[PDB]
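S.K.: Just one file: structure-v8.txt, with compact mmCIF, C-alpha atoms.
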```txt
# COMPACT_ATOMS: atom_id res chain seq x y z
CA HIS A 9 0.00 0.00 0.00
CA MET A 10 1.08 3.59 -0.72
CA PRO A 11 3.84 3.98 1.94
CA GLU A 12 5.25 7.22 3.35
CA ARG A 13 8.77 6.97 1.92
CA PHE A 14 9.30 6.60 -1.83
CA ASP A 15 12.26 6.44 -4.22
CA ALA A 16 11.32 8.31 -7.40
CA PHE A 17 8.35 9.49 -9.46
CA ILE A 18 7.36 8.74 -13.05
CA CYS A 19 6.43 11.66 -15.31
CA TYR A 20 5.05 10.30 -18.58
CA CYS A 21 2.40 11.13 -21.17
CA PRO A 22 -0.76 9.14 -22.12
CA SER A 23 0.57 8.99 -25.70
CA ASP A 24 2.97 6.16 -24.90
CA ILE A 25 2.56 5.32 -21.21
CA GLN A 26 2.24 1.58 -21.84
CA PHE A 27 5.89 1.54 -22.87
CA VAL A 28 7.00 3.62 -19.89
CA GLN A 29 5.06 1.59 -17.32
CA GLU A 30 6.66 -1.53 -18.80
CA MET A 31 10.11 -0.09 -18.11
CA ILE A 32 9.17 1.19 -14.66
CA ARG A 33 7.46 -2.01 -13.52
CA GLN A 34 10.51 -3.89 -14.80
CA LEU A 35 12.75 -1.48 -12.91
CA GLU A 36 10.95 -1.89 -9.58
CA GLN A 37 10.91 -5.68 -9.77
CA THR A 38 14.71 -5.55 -10.09
CA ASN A 39 16.98 -7.00 -7.39
CA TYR A 40 17.53 -3.67 -5.62
CA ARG A 41 14.74 -2.17 -3.52
CA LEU A 42 13.32 0.37 -5.98
CA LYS A 43 10.05 2.21 -5.37
CA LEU A 44 8.79 4.33 -8.27
CA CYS A 45 5.53 6.27 -8.54
CA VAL A 46 3.26 7.57 -11.30
CA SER A 47 0.50 10.10 -11.96
CA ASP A 48 -2.35 7.71 -11.17
CA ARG A 49 -3.83 4.26 -11.78
CA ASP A 50 -6.40 5.36 -14.37
CA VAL A 51 -3.54 5.62 -16.86
CA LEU A 52 -2.49 2.04 -16.13
CA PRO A 53 -5.67 -0.04 -16.69
CA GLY A 54 -5.85 -3.76 -15.95
CA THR A 55 -4.52 -4.31 -12.44
CA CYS A 56 -3.42 -2.27 -9.42
CA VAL A 57 0.03 -0.73 -9.92
CA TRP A 58 2.48 1.58 -8.14
CA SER A 59 1.14 5.14 -8.07
CA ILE A 60 1.25 8.27 -5.91
CA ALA A 61 -0.31 11.72 -5.61
CA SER A 62 1.59 14.47 -7.43
CA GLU A 63 1.53 16.39 -4.15
CA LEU A 64 3.51 13.69 -2.33
CA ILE A 65 6.34 13.80 -4.89
CA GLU A 66 8.25 16.83 -3.61
CA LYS A 67 7.40 15.66 -0.08
CA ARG A 68 7.83 11.88 -0.25
CA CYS A 69 9.55 11.08 -3.55
CA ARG A 70 13.26 11.92 -3.62
CA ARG A 71 14.01 11.81 -7.35
CA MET A 72 12.00 12.07 -10.56
CA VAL A 73 11.88 10.15 -13.83
CA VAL A 74 10.82 12.32 -16.76
CA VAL A 75 10.01 10.93 -20.20
CA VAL A 76 10.77 13.47 -22.93
CA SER A 77 9.43 11.92 -26.13
CA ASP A 78 7.98 13.39 -29.34
CA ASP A 79 4.45 12.21 -28.51
CA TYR A 80 4.96 13.58 -24.99
CA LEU A 81 5.81 17.11 -26.08
CA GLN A 82 3.00 17.27 -28.62
CA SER A 83 0.69 17.23 -25.59
CA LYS A 84 0.17 19.99 -23.02
CA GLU A 85 0.68 17.47 -20.21
CA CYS A 86 4.40 17.97 -20.78
CA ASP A 87 4.02 21.75 -20.73
CA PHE A 88 2.73 21.53 -17.17
CA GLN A 89 5.37 18.98 -16.18
CA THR A 90 7.99 21.30 -17.67
CA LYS A 91 7.06 24.52 -15.90
CA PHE A 92 7.06 22.39 -12.76
CA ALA A 93 10.16 20.41 -13.76
CA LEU A 94 12.12 23.38 -15.11
CA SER A 95 11.31 25.81 -12.35
CA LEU A 96 11.05 23.31 -9.50
CA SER A 97 13.69 24.23 -6.92
CA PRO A 98 16.94 26.27 -6.82
CA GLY A 99 19.34 23.49 -7.79
CA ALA A 100 17.26 20.58 -9.06
CA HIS A 101 17.40 20.82 -12.86
CA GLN A 102 19.05 17.43 -13.31
CA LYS A 103 20.07 16.44 -9.79
CA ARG A 104 16.88 14.58 -8.85
CA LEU A 105 14.96 14.33 -12.12
CA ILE A 106 16.20 12.55 -15.24
CA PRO A 107 14.63 12.67 -18.76
CA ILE A 108 14.15 9.51 -20.84
CA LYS A 109 12.66 8.41 -24.17
CA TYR A 110 12.26 5.43 -26.50
CA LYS A 111 13.77 7.44 -29.37
CA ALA A 112 14.99 10.86 -30.48
CA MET A 113 12.38 13.62 -30.69
CA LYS A 114 11.85 14.82 -34.25
CA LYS A 115 10.42 18.08 -32.86
CA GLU A 116 11.61 20.73 -30.39
CA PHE A 117 12.87 19.98 -26.89
CA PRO A 118 11.49 21.53 -23.67
CA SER A 119 13.54 23.64 -21.27
CA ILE A 120 13.91 20.51 -19.21
CA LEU A 121 16.34 18.19 -20.98
CA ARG A 122 18.26 20.81 -22.98
CA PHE A 123 21.38 18.72 -22.44
CA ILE A 124 20.97 16.92 -19.12
CA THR A 125 21.25 13.20 -18.31
CA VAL A 126 19.10 11.77 -21.09
CA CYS A 127 18.52 8.07 -21.77
CA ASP A 128 17.67 7.42 -25.43
CA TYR A 129 17.78 4.18 -27.40
CA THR A 130 20.76 5.03 -29.59
CA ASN A 131 22.25 1.55 -29.45
CA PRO A 132 20.13 -0.53 -27.01
CA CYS A 133 21.90 -3.52 -28.53
CA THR A 134 24.73 -2.68 -26.14
CA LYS A 135 23.36 0.34 -24.28
CA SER A 136 20.55 -1.93 -23.03
CA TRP A 137 22.35 -1.73 -19.68
CA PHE A 138 20.75 1.73 -19.39
CA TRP A 139 17.96 -0.08 -17.53
CA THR A 140 20.42 -0.74 -14.71
CA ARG A 141 21.85 2.79 -14.80
CA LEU A 142 18.44 4.29 -14.05
CA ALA A 143 17.53 1.45 -11.69
CA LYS A 144 20.70 2.05 -9.67
CA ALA A 145 20.38 5.83 -9.88
CA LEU A 146 16.83 5.69 -8.52
CA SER A 147 17.75 3.53 -5.53
CA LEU A 148 21.44 4.27 -4.98
CA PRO A 149 21.10 4.59 -1.17
```
Please re-express this file's structure in structure tokens.

M.R.:
Amino acid sequence: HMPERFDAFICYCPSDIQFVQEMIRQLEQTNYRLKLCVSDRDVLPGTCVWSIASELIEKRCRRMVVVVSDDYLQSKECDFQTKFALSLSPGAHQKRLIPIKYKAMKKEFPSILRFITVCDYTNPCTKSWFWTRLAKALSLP
């Protein structure tokens, strides 16, 4: 059940959430004790999953997991996440939150991942380990 202490939060768009949730759920089930959150359960139909209120993120969640993808920017949902992710706190541009995507964005990028730690499938064939990089970066302590 929704505990009091969390690891990170998941900021994705309803354009390609299925893919994100797949990565997240696969990241939490890892060996290390990882606890990720999301916007809600309505986005993830089927069975109960790991979710949390957006108000408990800056209070409970320590880090954030942003998903900057073409189909994510085309929506306003990212615009809100940006203004909140860009102008969050004085010194948390890429220290707690980290952008990710299943491919390069053919359109413009938001003032969020201008050039920060971004995880894109450039060569998953070998870069596939990226799953561990984010899994270990979300639950380092």

S.K.: Please report the interatomic distance between CA of residue 143 in chain A and CA of residue 46 in chain A in Å with one decimal.

M.R.: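 Separation of CA of residue 143 in chain A and CA of residue 46 in chain A: 15.5 Å.
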
S.K.: For residue 31 in chain A, find every residue with an atom within 12 Å (counting only C-alpha atoms), except residues of its own chain fewer than 6 positions away, and show them as a list in words.

M.R.: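 Counting only C-alpha atoms, the residues come to residues 18, 20, 24, 25, 37, 38, 44, 73, 75, 108, 109, 110, 136, 138, 139, 140, 142 and 143 of chain A.
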
S.K.: Please list, as a compact mmCIF listing (two decimals) with C-alpha atoms, in the frame of the given file, the residues that have an atom at most 7 Å away from (1.1, 6.7, -11.9) in the coordinates of this file, counting all atoms listed in the file.

M.R.:
```
# COMPACT_ATOMS: atom_id res chain seq x y z
CA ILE A 18 7.36 8.74 -13.05
CA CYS A 45 5.53 6.27 -8.54
CA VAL A 46 3.26 7.57 -11.30
CA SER A 47 0.50 10.10 -11.96
CA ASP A 48 -2.35 7.71 -11.17
CA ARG A 49 -3.83 4.26 -11.78
CA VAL A 51 -3.54 5.62 -16.86
CA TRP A 58 2.48 1.58 -8.14
CA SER A 59 1.14 5.14 -8.07
CA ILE A 60 1.25 8.27 -5.91
```

S.K.: Could you tell me how far CA of residue 94 in chain A sits from CA of residue 74 in chain A, in Å to one decimal place?

M.R.: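 Distance reported for this atom pair: 11.3 Å.
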
S.K.: Considering only C-alpha atoms, can you say which of A:100, A:112, A:35, A:16 comes closest to residue 67 in chain A?

M.R.: A:16

S.K.: Which of these residues is nearest to residue 119 in chain A, using all atoms listed in the file: A:90, A:82, A:29, A:34?

M.R.: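 When distances to residue 119 in chain A are compared using all atoms listed in the file, the smallest one comes from A:90.
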
S.K.: To one decimal place, how far is CA of residue 81 in chain A from CA of residue 115 in chain A in Å?

M.R.: 8.3 Å

S.K.: Kindly indicate which residue among A:135, A:54, A:19, A:126 lies nearest to residue 92 in chain A, using all atoms listed in the file for the distances.

M.R.: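 Of the candidates, the smallest distance to residue 92 in chain A is held by A:19.
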
S.K.: Kindly indicate which residue among A:26, A:97, A:77, A:89 lies nearest to residue 52 in chain A, using all atoms listed in the file for the distances.

M.R.: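 Checking each of A:26, A:97, A:77, A:89 against residue 52 in chain A, counting all atoms listed in the file, the winner is A:26.
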
S.K.: Nearest to residue 149 in chain A among A:30, A:79, A:15, A:85, with distances taken over all atoms listed in the file: which residue is it?

M.R.: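 When distances to residue 149 in chain A are compared using all atoms listed in the file, the smallest one comes from A:15.
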
S.K.: With all atoms listed in the file as the atoms that count, which of A:43, A:141, A:122, A:9 lies nearest to residue 68 in chain A?

M.R.: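 Ranking A:43, A:141, A:122, A:9 by distance to residue 68 in chain A, first place goes to A:43.
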
S.K.: Taking N, CA, C and O atoms as the atom set, what does range 75-94 of chain A look like once completed, written as a PDB file, keeping the file's coordinate frame?

M.R.:
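The resulting result-v4.pdb:
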```pdb
ATOM      1  N   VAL A  75       9.966  11.578 -18.894  1.00  0.00           N
ATOM      2  CA  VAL A  75      10.010  10.930 -20.200  1.00  0.00           C
ATOM      3  C   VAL A  75       9.774  11.937 -21.316  1.00  0.00           C
ATOM      4  O   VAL A  75       8.633  12.221 -21.678  1.00  0.00           O
ATOM      5  N   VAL A  76      10.861  12.485 -21.854  1.00  0.00           N
ATOM      6  CA  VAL A  76      10.770  13.470 -22.930  1.00  0.00           C
ATOM      7  C   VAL A  76      10.764  12.811 -24.300  1.00  0.00           C
ATOM      8  O   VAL A  76      11.818  12.560 -24.886  1.00  0.00           O
ATOM      9  N   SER A  77       9.571  12.542 -24.817  1.00  0.00           N
ATOM     10  CA  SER A  77       9.430  11.920 -26.130  1.00  0.00           C
ATOM     11  C   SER A  77       8.537  12.766 -27.037  1.00  0.00           C
ATOM     12  O   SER A  77       7.685  13.518 -26.564  1.00  0.00           O
ATOM     13  N   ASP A  78       8.750  12.638 -28.343  1.00  0.00           N
ATOM     14  CA  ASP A  78       7.980  13.390 -29.340  1.00  0.00           C
ATOM     15  C   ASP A  78       6.493  13.456 -28.990  1.00  0.00           C
ATOM     16  O   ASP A  78       5.919  14.539 -28.893  1.00  0.00           O
ATOM     17  N   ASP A  79       5.875  12.291 -28.823  1.00  0.00           N
ATOM     18  CA  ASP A  79       4.450  12.210 -28.510  1.00  0.00           C
ATOM     19  C   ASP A  79       4.133  12.749 -27.115  1.00  0.00           C
ATOM     20  O   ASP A  79       2.964  12.889 -26.755  1.00  0.00           O
ATOM     21  N   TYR A  80       5.161  13.056 -26.332  1.00  0.00           N
ATOM     22  CA  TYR A  80       4.960  13.580 -24.990  1.00  0.00           C
ATOM     23  C   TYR A  80       4.940  15.103 -25.017  1.00  0.00           C
ATOM     24  O   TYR A  80       4.243  15.743 -24.231  1.00  0.00           O
ATOM     25  N   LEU A  81       5.717  15.673 -25.932  1.00  0.00           N
ATOM     26  CA  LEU A  81       5.810  17.110 -26.080  1.00  0.00           C
ATOM     27  C   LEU A  81       4.622  17.660 -26.859  1.00  0.00           C
ATOM     28  O   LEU A  81       4.156  18.770 -26.605  1.00  0.00           O
ATOM     29  N   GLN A  82       4.130  16.869 -27.807  1.00  0.00           N
ATOM     30  CA  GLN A  82       3.000  17.270 -28.620  1.00  0.00           C
ATOM     31  C   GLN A  82       1.775  17.555 -27.744  1.00  0.00           C
ATOM     32  O   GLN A  82       0.837  18.227 -28.172  1.00  0.00           O
ATOM     33  N   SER A  83       1.794  17.036 -26.518  1.00  0.00           N
ATOM     34  CA  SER A  83       0.690  17.230 -25.590  1.00  0.00           C
ATOM     35  C   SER A  83       1.026  18.320 -24.566  1.00  0.00           C
ATOM     36  O   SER A  83       2.195  18.591 -24.293  1.00  0.00           O
ATOM     37  N   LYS A  84      -0.011  18.937 -24.006  1.00  0.00           N
ATOM     38  CA  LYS A  84       0.170  19.990 -23.020  1.00  0.00           C
ATOM     39  C   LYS A  84       0.592  19.417 -21.668  1.00  0.00           C
ATOM     40  O   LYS A  84       1.153  20.126 -20.832  1.00  0.00           O
ATOM     41  N   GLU A  85       0.324  18.131 -21.460  1.00  0.00           N
ATOM     42  CA  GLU A  85       0.680  17.470 -20.210  1.00  0.00           C
ATOM     43  C   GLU A  85       2.160  17.669 -19.899  1.00  0.00           C
ATOM     44  O   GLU A  85       2.556  17.745 -18.734  1.00  0.00           O
ATOM     45  N   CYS A  86       2.971  17.768 -20.948  1.00  0.00           N
ATOM     46  CA  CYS A  86       4.400  17.970 -20.780  1.00  0.00           C
ATOM     47  C   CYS A  86       4.685  19.432 -20.445  1.00  0.00           C
ATOM     48  O   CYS A  86       5.622  19.737 -19.707  1.00  0.00           O
ATOM     49  N   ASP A  87       3.863  20.329 -20.983  1.00  0.00           N
ATOM     50  CA  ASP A  87       4.020  21.750 -20.730  1.00  0.00           C
ATOM     51  C   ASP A  87       3.888  22.043 -19.241  1.00  0.00           C
ATOM     52  O   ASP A  87       4.626  22.857 -18.685  1.00  0.00           O
ATOM     53  N   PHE A  88       2.951  21.356 -18.596  1.00  0.00           N
ATOM     54  CA  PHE A  88       2.730  21.530 -17.170  1.00  0.00           C
ATOM     55  C   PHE A  88       3.881  20.894 -16.389  1.00  0.00           C
ATOM     56  O   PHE A  88       4.404  21.477 -15.437  1.00  0.00           O
ATOM     57  N   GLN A  89       4.275  19.701 -16.819  1.00  0.00           N
ATOM     58  CA  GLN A  89       5.370  18.980 -16.180  1.00  0.00           C
ATOM     59  C   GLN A  89       6.661  19.780 -16.303  1.00  0.00           C
ATOM     60  O   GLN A  89       7.494  19.777 -15.397  1.00  0.00           O
ATOM     61  N   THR A  90       6.812  20.475 -17.427  1.00  0.00           N
ATOM     62  CA  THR A  90       7.990  21.300 -17.670  1.00  0.00           C
ATOM     63  C   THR A  90       8.051  22.451 -16.700  1.00  0.00           C
ATOM     64  O   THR A  90       8.956  22.518 -15.882  1.00  0.00           O
ATOM     65  N   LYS A  91       7.090  23.358 -16.783  1.00  0.00           N
ATOM     66  CA  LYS A  91       7.060  24.520 -15.900  1.00  0.00           C
ATOM     67  C   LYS A  91       7.278  24.107 -14.446  1.00  0.00           C
ATOM     68  O   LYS A  91       7.802  24.880 -13.647  1.00  0.00           O
ATOM     69  N   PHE A  92       6.888  22.887 -14.113  1.00  0.00           N
ATOM     70  CA  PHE A  92       7.060  22.390 -12.760  1.00  0.00           C
ATOM     71  C   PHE A  92       8.397  21.660 -12.625  1.00  0.00           C
ATOM     72  O   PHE A  92       8.961  21.566 -11.537  1.00  0.00           O
ATOM     73  N   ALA A  93       8.893  21.139 -13.744  1.00  0.00           N
ATOM     74  CA  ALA A  93      10.160  20.410 -13.760  1.00  0.00           C
ATOM     75  C   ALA A  93      11.339  21.333 -14.061  1.00  0.00           C
ATOM     76  O   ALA A  93      12.472  21.046 -13.677  1.00  0.00           O
ATOM     77  N   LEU A  94      11.073  22.433 -14.756  1.00  0.00           N
ATOM     78  CA  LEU A  94      12.120  23.380 -15.110  1.00  0.00           C
ATOM     79  C   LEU A  94      12.360  24.344 -13.969  1.00  0.00           C
ATOM     80  O   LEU A  94      13.495  24.598 -13.565  1.00  0.00           O
TER      81      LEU A  94
END
```
